[PDB]
Every structure is written in C-alpha cells, then in structure tokens.
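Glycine also receives a Cβ, built like all others from the backbone with ideal geometry; neighbour counts cover every protein chain displayed. Each reported figure results from applying straightforward, stated rules to the coordinates on display, with no laboratory input.
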C-alpha cells in the first residue's frame, strides 16, 4: 500500500474522468493514449501468450494514463476470457482468470518468459518508469512497488467485474471486498506447471468418461478403443517426459543457486523451504448476508427483505440429496419431484384457499429462480447448492450453461408445479391437495419484484386489519372512543422499533426500495443495448425492466398499483400512486416533513383533520387543495413584519440611529417591496386564469386573506412614514407608482435605460392607464385590481316583427367585390383600411329609418353575395361550394363580416379616432355637430332589425332554423377596441386564405433541376405578394407593439383563426439579409427551386455549408414563461436555437417519409453545426485562451443538443411558432392518424436512436464537433478537449437541465455583483441598484421552480402531471438535488454548475435577510433618493 493516487485525470484521449471513480469497469478502448487484435482461436511453452495483450513515448501526461491503460488491458483480458468460455463446465472458470491476471502483473518489469518480440514492451515500460521517475523524491524500486500495490488494489475490482460464477462467494475473486482475496505470488514456473496438469486432468478425465459412455452407446469398435488407448498412453508418456524435463530444470536451478528483485529472492526462499425438518418463523432480514449469515447479496444491500417462506423452503437446506436415502439423467427429475412433494406439506401448515395459492406461486417461482441460478436470498446453504447443481449439470448436459439451465427449467416446470400439489404418481400431464391455478402458472418475474409484492401484501394485510377497527369506531359517530384507535394506527404506521421492516420505520424501507428500483431502471435503460422486441426477450432482469419502462411503470408505486387488485390494502380504497405528507415521526424536538405513498401515510386515507373527531375545517379544505394559496403570515400596534413562509425575519445588526435616518425599518421596506410584487403577480395570474362552488369558496378565502394582508401592510407603511417623519420618505401611492414604472421598464428597457422619458407615443397611454395618471394614485389601482379579481369569480360562479322593409330597394346595387364576375380594390395601410370599409351601401348619403333600411339592404346584399360564393373570404376547391360547409348551413365568414360592418357603422356614427377619407371625416363631424343611452337603444334596434332580416331570409328560403342566432344574438363584447384590431384580424384571415391558395397552386402545378415552366411565374407572383404583405405586417406589428407592448401579434392572429396554423410570420417576414438570398422565394425555396439539400463534412473541398439564417447569440436576454403549454421558465439559450431551416422542409414533406427522413437528417445536421459554431463563438469572444470559457461553451452545446433531441422525440415543453408546427408535422408523418400518439412517439424515438454505420445521435454530435472546429479555425487555437468525446449519457428531463442552468447563471451573477459591490462599497449606489434589480425576479423564479419540482419530484409516466418520466430524481426537495451536483468545478461533460451556496441559503439569498446584512442600510439609503428622483422626474 502507498499514498500515491492515480486514475483522476481528465480528457486523456478518453470519455471523461467523471465516468470512473464509482468503482466500475465501463472503461472502453479510449483513454489509453490510443484509439487486442492478436487473439488466438483458443524450456516451456505455456498458453500465457494466447491470453495476453500488447496494447501497452512522451505523449502520456502522468501515471494516470498508464494506470488507465493497464486497467483497460486487464478489463479486455477479463472480457475475452469470460466471453470465450474455454470450459463451460463453470467449475473452474475464473482460476484461469486469476492466473492470467498474475501473469499480466508479472509482465510489468518482472519474470518475462515471452519468446518473441517482447523487447518493445519492456523498452516502453522502462521509458515510462524513467519518465515518472524524473521527479526525484526518494532513493526506482519504491515507485515500482507503490504502483504494483495500487494495481493490485484496483484492477482486482475491474477484471473480475464480468464473471459471476462463484468467506464470501457468488463472484470469483471479489468485486466488492475492497481488499484482494488471493494472490498468486508464486514463481511463474510452478503456476504454469499447475495449470498444465490441471488442464491435462480436466481433459483426460472427461475424455475417458465420454469414451466409457460411447462404449455402451453402440449397443470394429474394439479397434478404435485400442487406438485411443495407445494414443492416451503416448500422451501419458509425453507428460512423464515433460515432468522429467521440469525436474531436471529445477535441479539445474537449485545447483545454480549454490530489494534486488524481491520476487526472485522469495521464489528462491520458497524453493529452499520445499527442498528443506422444521424452521420457525423469521423477521424479514433486510441486511446483507455475511459469509455464513442470512441476508441479501451485496448488490441488493439494504434492499427488499426475505419473507419467511423463502428461508423455510425444503430445497434450501443442504446439497441436492434426499434426507431418507443412501446415495443418471432422469434421476434429477425424480429427485426434484420428491423434494417438491416433501416441501408441499411444509407449506400446508397455513390452511387457506386464497392465501395458499399465492404462497405456492411464490414458492414455485423461487424454486425456478434458484434452479436457474439467479437468486439473491443467499442463506448459509446457497453457496454450495449452486456448486453442486453446476457439478450435476456438467455431467448430465455437457452455447452456454445459463441458457441450458433456463431451457431445462422451462421444460420441466410443468412437472415441478404439478408435483407441489400432493403428487406421488406422475401422470402424463383440482382433485389434488391444492387447486391454486392452471398447470402453467406463469410467474417469470425477477425476485426483486416478487419480494416487493410479497412485502407490500404483508404490510397491507396489517393495514386492513388496523383500518377496519379504526373505521368501525370512527364512522362519523368519537369524543374519546375513537382517539385510541387513531393513535394506535399512527403508532403502527410510524414505529421506529409491525411484522417486517427489520425494526425500522416503513419510510426508510420504502426509500431504499425506490432507490433500488431507480437503479435498476437506469441500468436497464442506459448500459443495456439489447432491448425488448428481440427475436420479446426470453428472460433477463434488464430486458424485463425495459418492458416496464416502456409501459410506464417507471416507479415502484405504479408497478404495485398495476399488480395489486381488489383494493385489499386497507379496504378503504387507498391508492398507491397518490402521495401523503405528514409532519414528522418522533421515533429515532425538531419536526421533519415526511412524504410517502398514500397507503403508508400517517392515518386512514382521506381521514386527515377528521381522525380526531373534529369539524371539517373549511379553511383546511381550501389550504390542502394546493390551489389559490398565499405564502404570507401577516394593542401594542408597533410593527407587523409579515414574514414570508420559510426564512424568518432577522435584524439587520448594522442599523444605527446616530447621524442616520433610522434602523430596523429596512426589513419592513424590503418585505413590502417583495409583497407588492408577489401579490400583484398572483392577482394577474388568477385574473388570466378562470365543483366550481368549492373553487370560488377557496378563491374568496384567498381574496379575504390578501385583503387583510394589504390592510396590515398599509398600516405598517403608515407607521413607517410616521417614524421617518419623526426625525423624507415617499408615500404609499408614490412607492406603488414607482414600482409599477420600474417593473414595466426592467422587462422591456435594458437596466433602467437613462432616457426613461423617451418612449413610444402610444405606450404612454397604456402606462398612464394601467399604472395611473400623473397624480399619485397607487392605492386606487390596487383596490381596482382587487375588485376586478373578486368580480372574476362573481361572474364565473353565475353559471315581434312583421313590417315589410324590402319595398325601398333603391340607392344601393351590387357592389364591386374582390372578383371578376362581370376592378379590384386593395389594402391602404393610421393603420389600414380594409377593402369592404371604403365602399358600402351608403349611396343614399327620418334619418333613423333611412339608416335602418340602409343596414338592412347592406346585410341582405352581403348574405346574397356570400351565398353566391367567393374566394375572398371563403375557402373552396376548384368546383366551388363543397367541402367547406358551415354546420348551420350558412356561408363562411358571414358573421365576422356582419360584425365588422356593424362596428364600422357604430364608429362612423360615434366619430372616434378612425382614419378615413377627408370628406367622410367632414361629413361625420357635421353630423356630430348637428346632434349615451340613446346610442345603446339605437344599437339594440339595429340588432333587432338584423334579427328580423335573418328570420325573413330563413322564412323565404326555409333551409334550417335561423332566428338571428346564426353566431350569437349579443352585440360584440370585445373589451379591446374593435377598430384597429378588427382590421388586423381581417388582414390576417385574408393572408391565411391567400397563402393557402398559393400553396395549393404551387404544389399542384410545381410538383413534377432548374425551373423553366409555370413555376417561375407563380413563384415570382408569390414573392411580390410576400414582399407587400411583409411591409403591411411590419407596419401593423409596429402599431400593435406601440399600442400593446406586452402581448404578441402572431399568437393573437393564429389563435383566433385555425386557417393560419402552418403560417410562421417570424420566418415569412424575416428582416435579415439572408432571407432574400438563401430563401428568396419566401418559405418555399425547397419547392420552387426543386433542388436537393445535403450536409458537407470537414474532409470535403471548398464547397462548405454556409446557407443558414442563424443570428449571433445575444447575452442580454431574460427568462420567459411564454409559449409553454406551470411554474417552469425557458432559458435564454432555448429561445435562440436555430429552427429556421427546418420549417421549409417540414412544410414541404407530407406523407413522404422516404425522403422526409433524409431531408430532416441533413437539415438537423446543418442546424446543429451552425448552433455549435455560433455558441462557441459567443462563449469565447476575442479568442481568449481560457479553460472555464471552454467548459461553459461545451456545457451550452450539450444543453442545445439535449433540447434538439427532446424536440425531435416529442418530449418538448415549449410550443413556439416553429415547434408547434414542427411537432404537428412530425406526428402527421410518422405513423398515421389511426395509430395512437404513443406509437408515433415510440417510432420517433426509435428513429432517433437507431438508423431505422452511425446513428442520428452520432451524426448530429459529429456535426456539432465540425461546427466547433470551424469556430476555432477563425482564431487559430487548439481543438477543445470537451468536444472530442463521442459517448454521451442519457439526457435528464428538460426541467432538471433548465433548473441546473438557472442555478449556475444565478450563482455566477451573484458572485459577480457581490464582488463588484463589496470592492466599491461613491459607486456603491449603482452596484446596489444592479444587485436589487437582478435579484428581484429571481425570487419568484426560484419559488416557481421549487413548486414545480415538489409537484413531480418523484413521479412517473402515469403519475406525473406531464407525460414524462421523473423517477431518476430521488430528491426529497429542490435544494438537496442541487447539493453534490453544483459542488465541484465545471467539467464540461456532466458537471455544468458550480455554486458556493450549498447550504440552505438560496431561499434566504433570494431575500436580503442574511447575505446582504452589512450592505442593507446602505443600499436602502441609495434607493430612497433614487426613488425620489425617479418619481419627481416622472411627475
């Protein structure tokens, strides 16, 4: 042993250092300075040469690479000797393994007997030793001995990791002993002689047994017998001659004999020395088994325990020999049958007709798994039982030995099961002793799952027994007679001292079981390439678990729920998926919240706040629902801190009233600053958001709570103002106004832009209306918002005409619509003027009747024209009037046109801010000068007239029922103005219709390489149309942003019109320079050009791939929760990924998988390359040669790759303009409409993983590596070491990666800002302002992330809110998941976060309670004057 460590290097021509250090043997060919071909088919000539490798000059960094190379060589040798299986007898399979290990160890500058080109290896080893000896520390042999000790301690846990054939046992050597078991520290001559004699014996004994068998198998055999005898006599005399030669060599060595190669000295010393049947019940052992003690195996340590049935089985007593007997191929079956018939009475003790069938099933399954040799109970009579079974099978059946065992079990299990039911006379194969089930009784399940099921059933029996008494006495009838049973049940549930659990709380056992299940799932999903659906895997633990993960039983709770039936667990219908949280268990002062499955819980299911015989506590019902919650706990009348749930308010410890403003009041100011923002955000969220009786009961409780909190906060602020005046502080209204302005500026303006006054002219109206007017009215706006919030529920919980007006047909005639049916008008973009608005039935212009008749005639004409059919607003095929038919039987878009005309007339009569012809403006101004309940009455009369018109039309046509309710009788109730927004919507609908028509025309006339036919004209017309519509959209979007700066235009235009679902205004109206060169045809280059796309690799000529719309990444972005289908934020990195090249091909392909696959592959490769190049150029500006920047860039690239993988696999969370249509078209292409979404997702995952040379994953990774190389080429630097690795682990859920990125960014920003502030704190004011501005939203972000994490922290596919797997989390809460994950340095492969905030301070760092104590009063005193200056400037 020595202190010199090794195997801790990183990126030495290998995967990464993080993969190792777990005492595992995954090491691949890489990492050994190179990227065993010498393998044979199998004085002295031993076989060492055919079981050795030669994979072993200034390229190695230190001893780490050498040790890694030797470990890789040892692992390869072990894998070779295991897979080859020179002797499948399984009796001596690892003796050769340890002999080869000893030979390899001795090859390291020791006794070398290799006859051949052995000089190069020794020369290289000597050079390596000299290189490592360059540093002179201690007077060559010492370093060699230390390295040998390290190799001895390490490789023994790597080479033996493959074989598991067999004082611990069940694995040759020891993969888990942590100390070498046996060392072959003997001369190589004696070891080789021993191996030779062992091989000779093993061969000759088996051959003579085979010859004896063949002698009786026959019935010139005598001639063959004598020839074989002569050959074996020749072999014997040859062996005798070899023995004599070895004896002569030993004599010569002894004659020559008559710390300086200690091995040789010890060899000489050794040479001189030589020359000179009833088992009681059990307790469900939950501990690992010792050499001669019961318990689980090392791998299943502290895992599910052994039921008493397994420890009382008849077979697990001694070797396979019957108790009553004194002692073939068929004899084994008879022995097994007799053993089964003897075991049956032992299990017959429990007399039942339902509890015995399951016991027999489990016993049969355990017998099968023990016969196969895959058991884990491993009592004191298991190590020898397997050896005896192997010896018996070798002489009876001597592919592999495990497969033969499985085949024998599958063939004989019928008789084995029929013999365990009182069977003496075996028939050919109810009336027997037992009738559990049918003959097969298939129970091919791993022992772990069966043990879990048995333990769950045993626990549930006692649970039912207890809850029966708890319910029979507490069925709502309980002053004192019920408390006893409830207390007894609570004690039983949490008793850290019933049957099982090995005297430990059920929670710890459940946690261990869940951890083991997660480990099994990870092992079967990550390191297992042989999945299911294989030519339906026969039997394997990894294969079976893959079936469960594919089905959705990722977590043990789902499997337990699926298996258990009839709700026998308690009989109160307690589900296993639902989780229950109780305060704590006192057994083994401080309370720790414990969350477990519902059955475990703390009391009978749904008996919370009722097991005590109390009132329903409606407040508790509202709180427990986890909906509409507020995490605030607001005669002295001094201060009401209103501490947020969690960290407690602490004194600043630095405030002083001597020559200062005040102390102890800054905490209240910070609390109010956080409160007025959190409550505002909650109110907005609940306003945007809509059994409803209880929902509004909880909502009203929340409203009252927030009202009381606001009153208390107002009183506290009044007291603060009085205290400040006692010795200037802004009032509450001024503070609210400043908060509103700051919140609206930070999101849009970058860091409180200096010229706050300069803002969009239209945005001033919005800011003054929604914050308030010039005068301070902060309280009024909050009160109005509260009133609106209350009114939200107040409204939610609520749920003749015969005169002939067709006689005056004059003045208006058939208008010239947008068509040639016998001169077409176009948009004129104030904002815009729709074609219908410029010309209407206003040719006539007592007045009321004239207007009523005019609108009557206009509506009649519009309806008639729509019925006639048109291609301006209605979509139809070439024939027309077919396919698109409204269910009511009316044309399409008639209601919208009527509403728009009515709104236009209303605005005309009212004369609002509408851009129209000058003469029309003068006319309406004069009308207003000549002349608002009367307006409402006139509108009602107009609506009644329209309804009468509709009724008359229905009567004259008689097509369906229409009483003026074709689309709604109520007037347009749109709160937003319907003048500009209506015009924008009409323009959007027209654009949708025309774009769809152009798509159809192009795909019908340009489907079947330059362009010479009709494609040119159509595409040119489309290009001109797209240019015009791009100008129009630019103007309209500018107007909308100046008017509505918060909401977006694309979402509004696409949500209200199903026509534009494949229209992406971001791509169609791109303002970049490449949009006119690379995609000159406006989103249809792939169709109009009729060309083909390809990805060109690095080794190609100058024809590079520089056709992309990628834009240089930005650094001043912020996290946004938009475009998401709760409490999860999209990182800025995901908001900048290149998805522009995917849309054209996506919309191009339709049911064309044959070519769509290649198109998507090439485009994805190009996109990945461009994204990697741009990210690398972003994270390494000015060509700085630093390591941390490279690690950050590699982490960002890997995150982008994982995001792309999730997008392609359909596991994406955000639905942006691109992603929505991308996913829709991917679902449409893969599979079909008949297939369920699960099948399509599975097909997509299979296509992403496998090719159906290299997989798509590897191709994309190579594309990203090529992009990184291109990025580096511009700086003439060294290729990064974190991008030259091919293997990558399976991606975690996107939420976890987003949370890790958020934590890393927050820690980096915190460190930067705190260092800047402390080193400068007259610049402390700006530092404090920046710190507060950056920290204010992070608190809300962290709260949302923590809430979402707690929602699905350890859920599964069928348990989590979303359709995603989260069983790998295994984290009690968010904070502890960030511990040990953001502790070490950044590595670039796995570790991508570093934070010096491991403790429970992130929830406090979000506030200013502790970390900002020394700079709290200072920052407050800078903000005060800043607030005053900003307020006076705004005022």
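Points worth noting:
- Put in line by how crowded their Cβ is, counting other Cβ atoms within 10 Å and starting with the fewest, 775, 504, 220 read 220, 775, 504.
- Inter-label distance for residue 213 and residue 462, nm, one decimal - labels placed 7 Å from Cα along Cα-to-Cβ: 5.2
- In terms of packing, defined here as the mean over residues of other Cβ atoms within 10 angstrom, the peptides 1111-1122, 737-748 line up highest first as 737-748, 1111-1122.
- Annotation for residue 845 and residue 761: the two label points, set 7 Å from Cα along the Cα-Cβ direction, are 2.7 nm apart.
- In terms of its alpha-carbon gyration tensor, segment 200-318 comes out oblate; a/c meets the 1.5 threshold, while b/c is at least as large as a/b.
- Three-way shape call for segment 277-394 based on the alpha-carbon gyration tensor, with the a/c threshold at 1.5: oblate
- Label point 7 Å beyond Cα of residue 1121 along Cβ direction - residues of segment 1027-1062 with amide nitrogen under 18 Å: 1046-1048
- A Stokes-Einstein calculation at 37 °C with viscosity 0.692 mPa s, built on the Kirkwood radius of segment 1284-1410 over Cα pairs, returns a diffusion coefficient of 201 µm²/s.
- Percent antiparallel among DSSP beta bridges (both partners in the chain, rounded to 5): 90
- FRET efficiency, residue 821 to residue 943 (Cβ-Cβ, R0 35 Å, nearest 0.05): 0.65
- Extent along principal axes [Cα atoms of segment 987-1096; Å; largest to smallest]: 47, 30, 24
- Bins of 5 Å from zero: percent of alpha-carbon pairs in segment 699-806: 2, 9, 14, 16, 15, 13, 11, 6, 3, 2, 2, 3, 2, 1, 1, 0, 0
- Estimated from the Cβ-Cβ distance and a Förster radius of 22 angstrom, the FRET efficiency linking residue 1182 and residue 1114 is about 0.80.
- For the chain, the fraction of C-alpha pairs farther apart than 53 angstrom is 48 percent.
- Segment 680-694 residues near the modelled residue 714 label - backbone nitrogen below 18 Å, point 7 Å along Cα→Cβ: 680, 683
- Three-way shape call for segment 635-744 based on the alpha-carbon gyration tensor, with the a/c threshold at 1.5: prolate
- Using distinct alpha-carbon pairs, which all enter the 1/r mean, Kirkwood radius of segment 249-334 in Å: 18.9
- Span from the segment 307-345 Cα centroid across to the segment 970-999 one, whole angstrom: 83
- Packing rank of 464-474, 1254-1264, where each peptide gets the mean count of other beta carbons within 10 Å, highest leading: 1254-1264, 464-474
- Across all directions, the shadow cast by the convex hull of segment 738-795 built on its C-alpha atoms averages 4.9 square nanometres.
- Here segment 808-836 is scanned for amide nitrogen atoms under 19 Å from the site 7 Å beyond the Cα of residue 769 along Cα-to-Cβ, giving 830-832.
- Look at the alpha carbon pairs under 8 Å that are at least 6 residues apart: their mean separation over the length of segment 846-915 gives a relative contact order of 24 percent.
- Exposure proxy ranking, count of Cβ atoms within 10 Å, fewest first, for 946, 654: 654, 946
- Over segment 809-877: Kirkwood hydrodynamic radius from C-alpha pairwise inverse distances, Å: 13.7
- As a proxy for reagent exposure, 856, 214, 777 were ordered by neighbouring Cβ count within 10 angstrom, fewest first; the result is 214, 777, 856.
- Each Cα pair of segment 749-871 feeds into the Kirkwood radius, which the Stokes-Einstein equation turns, at 37 °C and 0.692 mPa s, into a diffusion coefficient of 157 µm²/s.
- Helical mean residue ellipticity (222 nm; -39500 (n - 2.57) per DSSP H run of 4+; nearest 500) of the chain: -17500 deg cm²/dmol
- Distance between the 7 Å Cα→Cβ label points at residue 923 and residue 1380: 8.1 nm.
- Measuring nothing but how far apart in sequence close Cα pairs (under 8 Å, 6+ apart) lie, relative to its length, segment 1135-1238 scores a relative contact order of 35 percent.
- Estimated from the Cβ-Cβ distance and a Förster radius of 30 angstrom, the FRET efficiency linking residue 179 and residue 293 is about 0.95.
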